[PDB]
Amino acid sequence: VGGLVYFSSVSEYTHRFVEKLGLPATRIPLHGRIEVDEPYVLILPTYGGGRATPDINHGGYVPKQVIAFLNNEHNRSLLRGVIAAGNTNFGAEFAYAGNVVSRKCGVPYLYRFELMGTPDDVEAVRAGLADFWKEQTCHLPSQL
């Protein structure tokens, strides 16, 4: 099973989405450092915002705890993709933390959803993660 790491604030919407997924995951805490050991997709919500014509370098979209988690070189090395949450009322900033992580960390942006996600989002992410980890079996070392 693929690795999953997520962050969720007091509103618990990303936590609720992860619980609906039926896939195990590690939660980045409100404070404190953690470490992981195997490759993972990161699920994160978007904060900050308000800028109608945004830029991926304007700070505040990626939760500070996620930035700290990815400052650990080992954690960062194991990131393989990102899924982001937000609120489409933010328009050009919808789920922008996914844009920031994907572009600045150089990993694919797999999916995005609103708040705790719909049943269709849950199914799409389950299927998308299965396809994602299957594709890694096309990158195996030579045995010769």
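Position 1 is the first residue in the sequence shown; the rest follow in order.
For the segment pair 47-55 and 94-102, the entry gives 47-55 the higher mean B-factor, averaged over Cα atoms. Across the two stretches, 59-67 and 38-46, the PDB entry reports the greater mean Cα temperature factor for 59-67. Taking the deposited Cα B-factors for 79, 110, 30, 85, the highest one is held by 30. Split the chain's modelled residues into thirds by C-alpha temperature factor. Residue 11 is in the highest one. When all modelled residues of the chain are sorted by CA temperature factor, residue 127 is found within the highest third.
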